[PDB]
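So the structure is just underneath, and the comments pick up after that.
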Amino acid sequence: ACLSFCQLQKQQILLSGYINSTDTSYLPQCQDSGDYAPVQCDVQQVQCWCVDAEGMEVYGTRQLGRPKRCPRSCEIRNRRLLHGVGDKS
Amino acid sequence: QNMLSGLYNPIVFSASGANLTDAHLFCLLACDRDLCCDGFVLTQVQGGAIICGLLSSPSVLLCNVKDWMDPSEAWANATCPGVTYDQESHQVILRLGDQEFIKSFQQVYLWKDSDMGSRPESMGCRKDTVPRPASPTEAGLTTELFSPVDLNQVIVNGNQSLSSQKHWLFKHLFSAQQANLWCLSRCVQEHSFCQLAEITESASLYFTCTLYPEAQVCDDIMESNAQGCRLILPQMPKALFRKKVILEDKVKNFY
Ligand SMILES: *[C@@H]1O[C@H](CO)[C@@H](O)[C@H](O)[C@H]1NC(C)=O
Ligand SMILES: *[C@@H]1O[C@H](CO)[C@@H](O)[C@H](O)[C@H]1NC(C)=O
Ligand SMILES: *[C@@H]1O[C@H](CO)[C@@H](O)[C@H](O)[C@H]1NC(C)=O
Ligand SMILES: *[C@@H]1O[C@H](CO)[C@@H](O)[C@H](O)[C@H]1NC(C)=O
């Protein structure tokens, strides 16, 4: 058994808040499968946003606490197309 | 409840068996025998600590009881009420400033109209010193961030509830051009509340900066041009200015 990309980052943020001892107000909340949960925020749970399954934050969906639904991989690509990053189809 | 400029004789006292009525009877009679007061202020902070500070030629009078005062903020940028409610188990100590900027029931309240007029250094107590001549590379550039409105579009109701911040701008300091320039620069300082800034003259002492949201209601018909709808204000102003919309890329919502 080895460690998923979530729990790589959740240890790397937390000991950086322990070696440097400066706290960072974000730690991921991935599920049993290892990949990220779609909704992501910190312990205070004031701004919970939807995230891509690879890890990068989906730009625009920073709600104030709870997304009812998260965009999936088509609707992100279908809307960024309509903003205009190439490939008009 | 605030002046931002001009405060004479802060007679700081309290009631301990008397009441705040006689405090109003106290400092009203102080303004019947000189020229160096045009109004006064009457405060209270959680009981007891009251102020009768007298007003000699204020620049503005800002932050009405009937405005919009919930940006969810206190004690840090709370220059609009003037009070800074602190929590080092402070709870007792009265403290006063220079614009009734109190460091602590809240009944702050103010009076007006001595029908003033004076002479330079004759009966002279408060003069409007350091008038801040703004640079035209900064003052002349904010006037193109906004846009005038043809006043045929706005109609009056006087009856639709429309939240708004209000100001006085007395004519002895602010000129006709500086009446706009303070009110338009005040509209920039409220980054999301101001869309309509107006200047009106209902009596001959002052100007009036009244900041509005976008008061452009529109009917239910689905037509292209916006000619079928217009503005509604409680009174018809002399001038009117729009904070023109600055849309930015990288949209902040997933519609
Ligand atoms: C903080 O802690 C990390 C732990 O890997 C270390 O590499 C780094 O030198 C420390 N200091 C700074 C200034 O980042
Ligand atoms: C002030 O008002 C209280 C009631 O609120 C009353 O008991 C008291 O006698 C009043 N004192 C004076 C001096 O009017
Ligand atoms: C007031 O608001 C400004 C703009 O957001 C901010 O830079 C400033 O820090 C605030 N004041 C205080 C005392 O936090
Ligand atoms: C305001 O509207 C009400 C009806 O909603 C009407 O009865 C009243 O006379 C109006 N007042 C003015 C000043 O127009």
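Under a point-charge model restricted to the Cβ atoms of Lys and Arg (+1) and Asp and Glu (-1), what is the dipole moment magnitude of chain B relative to its Cα centre, in debye to the nearest 20?
That gives a dipole near 360 debye.
Under a Cβ-Cβ limit of 4.7 Å, which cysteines in chain A have nobody to pair with?
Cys with no partner Cβ under 4.7 Å: A:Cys2, A:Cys74.
Can you give the average number of partner chain beta-carbon atoms within 10 Å of each beta-carbon in peptide A:61-68, as a whole number?
Taking all residues of A:61-68 together, the mean is 1.
In segment B:172-255, which trypsin sites (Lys or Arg not before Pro) fall in coil by DSSP and have 10 or fewer other Cβ atoms within 10 Å?
Hits after loop and neighbour filter: B:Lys244, B:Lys250, B:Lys252.
Please average, across the residues of B:244-255, the number of beta carbons from any other chain that are within 10 Å of each residue's own beta carbon, and give a whole number.
3
Which of B:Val92, B:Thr137, B:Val188 sits closest to the plus end of the dipole of chain B, meaning its Cα is farthest towards the positive end, when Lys and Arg get +1 and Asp and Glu get -1 on the C-beta?
Of the candidates, B:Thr137 comes out farthest on the positive side.
Order the peptides A:37-50, A:17-30 from the highest to the lowest mean number of other Cβ atoms within 10 Å of their residues.
The most tightly packed comes first, giving A:37-50, A:17-30.
Any chance you could check the Cα centroid distance between segment B:85-112 and segment B:51-71 for me, in angstrom?
Measuring centre to centre over Cα atoms gives 14 Å.
Could you pull out which residues in segment B:233-255 have an amide N less than 17 Å from a spot 7 Å beyond the Cα of A:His83, following the Cα-Cβ vector?
The answer is B:247-255, whose backbone nitrogens lie closer than 17 Å to the label point.
For a footprinting-style exposure proxy, rank B:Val45, B:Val156, B:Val92 by other Cβ within 10 Å, fewest first.
Placing the least packed residue first, the sequence is B:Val92, B:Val156, B:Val45.
If the only charges are +1 at each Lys and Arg Cβ and -1 at each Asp and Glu Cβ, what is the size of the charge dipole of the protein assembly as shown around the Cα centre, to the nearest 20 debye?
Using Cβ point charges on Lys, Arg, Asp and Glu, the protein assembly as shown gives about 360 debye.
For segment A:26-79, state which GluC sites (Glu not before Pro) are in a DSSP loop and have at most 14 other beta carbons lying within 10 Å of their beta carbon.
When the GluC sites (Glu not before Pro) of segment A:26-79 are filtered for loop state and at most 14 Cβ neighbours within 10 Å, A:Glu54 remain.
Calculate the FRET efficiency for B:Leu181 and B:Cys229 from the Cβ-Cβ distance with a Förster distance of 35 Å, rounded to the nearest 0.05.
Approximately 0.70, to the nearest 0.05.
Once you charge only the Cβ atoms, +1 for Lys and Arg and -1 for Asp and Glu, what is the size of the charge dipole of segment B:76-172 about its Cα centre, to the nearest 20 debye?
The dipole magnitude comes to about 240 debye.
Toward the positive end of the charge dipole of segment B:168-255, about the Cα centre and with charges on Cβ (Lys, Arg +1; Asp, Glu -1), which of B:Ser204, B:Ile232, B:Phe174 goes farthest?
Positive-most Cα among the choices belongs to B:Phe174.
For segment B:155-188, which chymotrypsin sites (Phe, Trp or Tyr not before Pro) are in a loop by DSSP, counting at most 16 other Cβ atoms within 10 Å?
Nothing satisfies the criteria.
In a shell of Cβ-Cβ distance under 14 Å around B:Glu121, excluding B:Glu121 itself, what net charge do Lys and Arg (+1) and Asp and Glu (-1) give?
Once all neighbours under 14 Å are counted, the net charge is +2.
Quick check: pseudo-label points 7 Å beyond the Cα along Cα→Cβ at B:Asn9 and B:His24, how many nm apart are they?
For B:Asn9 paired with B:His24, the spin-label model returns 1.9 nm.
Using +1 at the Cβ of each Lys and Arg and -1 at the Cβ of each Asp and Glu in the protein assembly as shown, identify which of B:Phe40, B:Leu55, B:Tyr255 lies farthest towards the dipole's positive end.
B:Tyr255
Suppose we keep just the DSSP beta bridges with both residues in chain B; what percent of those would be antiparallel, to 5?
Percentage antiparallel, nearest 5: 90.
For the pairs B:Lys66/B:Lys166; B:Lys66/B:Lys127; B:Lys127/B:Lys171; B:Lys171/B:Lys243, note any where the Cα-Cα span goes beyond 19 Å.
As for pairs spanning more than 19 Å Cα to Cα, those are B:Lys66/B:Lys127; B:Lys171/B:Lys243.
Any read-out appearing in this document is the output of simple, stated calculations on the displayed coordinates, not a laboratory observation. Every residue, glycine as well, gets a Cβ built from its backbone with ideal geometry; the counts of neighbours run over all protein chains shown.
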